[PDB]
Amino acid sequence: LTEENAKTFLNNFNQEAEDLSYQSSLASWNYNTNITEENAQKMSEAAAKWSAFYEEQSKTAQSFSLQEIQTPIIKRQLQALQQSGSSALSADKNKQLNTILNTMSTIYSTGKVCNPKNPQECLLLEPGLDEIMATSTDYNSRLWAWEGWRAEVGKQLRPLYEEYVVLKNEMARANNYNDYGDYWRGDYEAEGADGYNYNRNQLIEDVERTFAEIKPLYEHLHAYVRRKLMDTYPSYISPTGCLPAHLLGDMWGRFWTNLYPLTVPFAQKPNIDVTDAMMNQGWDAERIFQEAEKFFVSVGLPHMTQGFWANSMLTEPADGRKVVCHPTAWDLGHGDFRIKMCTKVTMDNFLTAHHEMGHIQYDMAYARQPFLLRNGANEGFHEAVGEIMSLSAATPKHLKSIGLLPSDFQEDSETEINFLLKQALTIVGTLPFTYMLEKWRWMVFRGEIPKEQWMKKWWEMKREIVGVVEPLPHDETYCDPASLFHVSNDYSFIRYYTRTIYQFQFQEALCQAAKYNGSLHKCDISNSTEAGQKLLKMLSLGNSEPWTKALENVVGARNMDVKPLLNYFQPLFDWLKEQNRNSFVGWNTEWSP
Amino acid sequence: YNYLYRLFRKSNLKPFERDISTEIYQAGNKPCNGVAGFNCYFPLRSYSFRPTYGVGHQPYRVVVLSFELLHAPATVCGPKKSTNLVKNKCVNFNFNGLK
Ligand SMILES: *[C@@H]1O[C@H](CO)[C@@H](O)[C@H](O)[C@H]1NC(C)=O
Ligand SMILES: *[C@@H]1O[C@H](CO)[C@@H](O)[C@H](O)[C@H]1NC(C)=O
């Protein structure tokens, strides 16, 4: 019988997949904490053997017919195994696509943009241009760096994107998908049971529905940021017009968090930074991760393993080995959970340690699942369950409980409002950018945007959706999206949108579980074991069930809800109403300086 | 890679039974004929022990002591309690059962 054959095939596949995935993950860890040519090549054959084994098992797994399989966990495992990906093509087309992707990665990593009449101070983005976007206040230098990076990326990446779209569409339609956006939307597809059925074509309209009512909050925030930038730039920004693209604090305007000194409500009130209290008490990275573990055992999550403390690097080693500064939580397999972090004694690294320990607890909880179901429910769940820990670790209640903040602290409304505004610039401001970028990529991959009407469409929707106008006109020789990291390296971007929605949904669920009677942004889930059990009902699932069932298990809803997001920012939304009576909320699509 | 286990077998083991056979497990209808592949699996899988594993996957050595009594005289009999010897006093003695 076919289902028993699939059960024995999965039983044979799981242990060898776990062994080879552990070897590949251990080689990747050995490269990431010790950069050399030997670790790089060991990672190369380890990933090559693991990928070849996965593809040769997926070719055999595609021989099974799913119409006679009744057990939904076996059917979900065979659905996860049958995703061939880019191997469905011929060798020539796959080699061309891999060449295009690798030359995109090497031209994004080594792109250089530098000055008229001053060639010698000639800069990469990663040391210098992000510093120019974050720190500099001069209008012409930002216009320089923005237009130069747009030119020196788009002029070289427009035809690369022209064949990239066609080859990715061929990759998707070789796997019985409509387009490559539909291939990305197949990560949100749910087929199990009745009432839990989620479709790819549903997702876009769900995103538009959840964007229909974040739009007033974003419009008020945009009006306030525009007025404060008009205070900064006196005549270069129109009161009724859109914001210029190079005054948003980032290279692209993805995060507005670098506008906080420019757009502060109350400059005389300090922030909730407790780094100096860590330095005065002599805290180190071990005490940071021990306090994170104390938080997780206070909420009800399990203790950290002994191999976690033994094998993780939590400090710059200074032993001559190069490391990656990016913090990453690693689930190597066979119960091995590690964290690669170059921890300085700061509050931001404390919150990042809580975030990566949230990732580690998420990886630890579904370890009882089979190997093909040891993932997130979708791509947003994995980062949302870390962002909720980053939310709870930053509250003044948690810092007053662990002695980092004094017991006689008075939390007035001014520092609460500017904390909420910093959170909005980090969190709310990336949502129209994310929805724009994924909508544009979906319309390009679907073919709804014609090939010769790319750039002027993009600056139409940025005049329409995000409310940001271009500083200079761009023709179709440019490729202005391709300046971003996630699109030049073939990454889905809607996971940040779903992360942002699921984060506040999970936060209301855990604060209603913990019986907190105050506002949502002041809520701490510490010392609440029932919130931990409500959390572990979802974290133990993995993707063994549809993500709508896990979402109903947490919040009691089967879809994305942004009422928790507006409830989190309710005092700030009231404050933004209170200082937008005389101003004009909204923007005009016609170019106003 | 020197520690192995049996993952596939046609029927369950009887108590205190061993199976050291390396016959290819036929999971389907096509005959295996000694060659592995699809629906034809080698029954012995390796316990690839590594020191960085989690505690539930770290190697544990197990010794099972099974005691049996038969009609034969029971010749495996452990230590018997002995106290110090006191002389020249009227005490209760018990040597080899004789009291
Ligand atoms: C890093 O890699 C080099 C390569 O030979 C090796 O000699 C060194 O011991 C490694 N460092 C650690 C901490 O393992
Ligand atoms: C939670 O429990 C810890 C355990 O020592 C304690 O130190 C902390 O004060 C408790 N938090 C609250 C809010 O009572």
# chains A, B, ... in the order shown; residues from 1 in each chain; ligands from 1
>>> residues_around(residues="stretch 396-404 of chain A", least_positions_apart="6", cutoff="12 Å", atoms="only C-alpha atoms", output="PyMOL selection string")
chain A and resi 271-283+287-288+290-292+294-295+298-299+346-347+350-351+389-390+410-412+415-416+419+521-527
>>> write_last_selection(atoms="C-alpha atoms", output="mmCIF file, in the first residue's frame")
data_model
loop_
_atom_site.group_PDB
_atom_site.id
_atom_site.type_symbol
_atom_site.label_atom_id
_atom_site.label_comp_id
_atom_site.auth_asym_id
_atom_site.auth_seq_id
_atom_site.Cartn_x
_atom_site.Cartn_y
_atom_site.Cartn_z
ATOM 1 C CA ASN A 271 15.527 57.378 26.442
ATOM 2 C CA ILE A 272 15.139 54.069 28.355
ATOM 3 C CA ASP A 273 18.777 53.125 27.700
ATOM 4 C CA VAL A 274 20.243 51.059 30.549
ATOM 5 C CA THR A 275 23.724 50.409 29.094
ATOM 6 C CA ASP A 276 25.466 52.595 31.701
ATOM 7 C CA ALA A 277 23.733 50.630 34.465
ATOM 8 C CA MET A 278 25.183 47.450 32.940
ATOM 9 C CA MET A 279 28.665 49.012 32.906
ATOM 10 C CA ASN A 280 28.343 50.215 36.514
ATOM 11 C CA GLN A 281 27.357 46.741 37.753
ATOM 12 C CA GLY A 282 30.054 45.008 35.674
ATOM 13 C CA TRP A 283 27.753 42.965 33.444
ATOM 14 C CA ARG A 287 25.224 37.575 32.437
ATOM 15 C CA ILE A 288 23.154 38.963 29.531
ATOM 16 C CA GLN A 290 21.821 34.191 31.768
ATOM 17 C CA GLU A 291 19.268 36.969 32.342
ATOM 18 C CA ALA A 292 17.623 36.024 29.041
ATOM 19 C CA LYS A 294 16.098 33.584 33.564
ATOM 20 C CA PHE A 295 13.357 35.433 31.659
ATOM 21 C CA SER A 298 10.265 32.674 34.412
ATOM 22 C CA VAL A 299 7.766 32.696 31.534
ATOM 23 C CA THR A 346 24.752 47.343 25.432
ATOM 24 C CA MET A 347 20.972 47.384 25.761
ATOM 25 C CA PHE A 350 20.653 42.546 25.329
ATOM 26 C CA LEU A 351 17.443 42.770 23.282
ATOM 27 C CA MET A 389 10.677 38.421 23.240
ATOM 28 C CA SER A 390 12.370 41.594 21.988
ATOM 29 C CA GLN A 410 8.701 57.380 37.459
ATOM 30 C CA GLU A 411 7.489 56.519 33.949
ATOM 31 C CA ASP A 412 5.806 59.687 32.736
ATOM 32 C CA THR A 415 9.240 59.101 27.485
ATOM 33 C CA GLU A 416 6.469 56.572 26.814
ATOM 34 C CA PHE A 419 9.603 55.266 22.994
ATOM 35 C CA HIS A 521 3.072 48.451 25.269
ATOM 36 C CA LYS A 522 3.750 48.396 29.032
ATOM 37 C CA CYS A 523 2.953 44.672 29.266
ATOM 38 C CA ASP A 524 5.465 42.153 30.617
ATOM 39 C CA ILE A 525 4.875 38.401 30.291
ATOM 40 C CA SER A 526 7.330 37.497 33.079
ATOM 41 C CA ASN A 527 6.275 35.211 35.980
#
>>> residues_near_ligand(ligand="ligand 1", cutoff="12 Å", atoms="only C-alpha atoms and all ligand atoms", output="ChimeraX atom specification")
/A:27,29-42,311-313,316-323
>>> closest_residue(among="A:477, A:87, A:529, A:582", to="ligand 2", atoms="only C-alpha atoms and all ligand atoms")
A:529
>>> interface_residues(of="chain A", to="chain B", cutoff="8 Å", atoms="only C-alpha atoms", output="list in words")
residues 1, 5, 8, 9, 12, 19, 60, 305, 307, 311, 333, 334, 335 and 336 of chain A
>>> select_by_dssp(residues="chain B", states="strand (DSSP E)", output="PDB file with C-alpha atoms, in the first residue's frame")
ATOM      1  CA  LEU B   4      24.433   0.539  14.378  1.00  0.00           C
ATOM      2  CA  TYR B   5      20.746  -0.179  14.957  1.00  0.00           C
ATOM      3  CA  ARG B   6      17.917  -1.936  13.135  1.00  0.00           C
ATOM      4  CA  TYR B  25      14.326  -4.848   3.778  1.00  0.00           C
ATOM      5  CA  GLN B  26      11.725  -5.079   1.006  1.00  0.00           C
ATOM      6  CA  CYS B  40      14.580  -1.359  -0.818  1.00  0.00           C
ATOM      7  CA  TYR B  41      16.423  -0.253   2.320  1.00  0.00           C
ATOM      8  CA  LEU B  44      21.188  -1.285   9.710  1.00  0.00           C
ATOM      9  CA  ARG B  45      21.538   2.471  10.260  1.00  0.00           C
ATOM     10  CA  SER B  46      24.505   4.125  11.938  1.00  0.00           C
TER      11      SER B  46
END
>>> closest_residue(among="A:139, A:146, A:502, A:296", to="ligand 2", atoms="only C-alpha atoms and all ligand atoms")
A:296
>>> atom_distance(atom1="atom CA of residue B:24", atom2="atom CA of residue A:54")
22.3 Å
>>> residues_around(residues="residue A:215", least_positions_apart="3", cutoff="10 Å", atoms="only C-alpha atoms", output="PyMOL selection string")
chain A and resi 210-212+218-221+428+431-432+465-466+586
>>> write_last_selection(atoms="N, CA and C atoms", output="PDB file, in the first residue's frame")
ATOM      1  N   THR A 210      -5.413  44.125   5.414  1.00  0.00           N
ATOM      2  CA  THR A 210      -4.669  44.533   6.598  1.00  0.00           C
ATOM      3  C   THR A 210      -3.912  45.840   6.388  1.00  0.00           C
ATOM      4  N   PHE A 211      -3.730  46.269   5.138  1.00  0.00           N
ATOM      5  CA  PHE A 211      -3.153  47.570   4.832  1.00  0.00           C
ATOM      6  C   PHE A 211      -4.207  48.661   4.711  1.00  0.00           C
ATOM      7  N   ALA A 212      -5.486  48.296   4.762  1.00  0.00           N
ATOM      8  CA  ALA A 212      -6.547  49.282   4.610  1.00  0.00           C
ATOM      9  C   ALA A 212      -6.725  50.149   5.850  1.00  0.00           C
ATOM     10  N   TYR A 218      -0.266  55.291   9.517  1.00  0.00           N
ATOM     11  CA  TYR A 218       0.899  55.632   8.710  1.00  0.00           C
ATOM     12  C   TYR A 218       0.783  57.029   8.116  1.00  0.00           C
ATOM     13  N   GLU A 219      -0.431  57.459   7.758  1.00  0.00           N
ATOM     14  CA  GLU A 219      -0.619  58.799   7.212  1.00  0.00           C
ATOM     15  C   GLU A 219      -0.343  59.871   8.261  1.00  0.00           C
ATOM     16  N   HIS A 220      -0.801  59.646   9.498  1.00  0.00           N
ATOM     17  CA  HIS A 220      -0.523  60.581  10.587  1.00  0.00           C
ATOM     18  C   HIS A 220       0.963  60.604  10.942  1.00  0.00           C
ATOM     19  N   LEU A 221       1.600  59.426  10.977  1.00  0.00           N
ATOM     20  CA  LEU A 221       3.034  59.347  11.251  1.00  0.00           C
ATOM     21  C   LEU A 221       3.848  60.016  10.148  1.00  0.00           C
ATOM     22  N   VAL A 428       6.337  50.492  12.176  1.00  0.00           N
ATOM     23  CA  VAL A 428       5.223  50.899  11.319  1.00  0.00           C
ATOM     24  C   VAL A 428       5.732  51.427   9.979  1.00  0.00           C
ATOM     25  N   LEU A 431       6.284  49.025   6.908  1.00  0.00           N
ATOM     26  CA  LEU A 431       5.155  48.278   6.360  1.00  0.00           C
ATOM     27  C   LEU A 431       4.694  48.760   4.978  1.00  0.00           C
ATOM     28  N   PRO A 432       4.512  50.069   4.695  1.00  0.00           N
ATOM     29  CA  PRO A 432       4.209  50.439   3.300  1.00  0.00           C
ATOM     30  C   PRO A 432       5.343  50.144   2.337  1.00  0.00           C
ATOM     31  N   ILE A 465       1.346  54.803  -2.773  1.00  0.00           N
ATOM     32  CA  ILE A 465       1.226  53.949  -1.593  1.00  0.00           C
ATOM     33  C   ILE A 465       2.092  54.463  -0.450  1.00  0.00           C
ATOM     34  N   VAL A 466       3.405  54.531  -0.673  1.00  0.00           N
ATOM     35  CA  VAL A 466       4.318  54.930   0.396  1.00  0.00           C
ATOM     36  C   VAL A 466       4.253  56.441   0.624  1.00  0.00           C
ATOM     37  N   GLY A 586      -2.047  63.229   4.744  1.00  0.00           N
ATOM     38  CA  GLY A 586      -2.110  62.762   3.376  1.00  0.00           C
ATOM     39  C   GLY A 586      -1.128  63.499   2.480  1.00  0.00           C
TER      40      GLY A 586
END
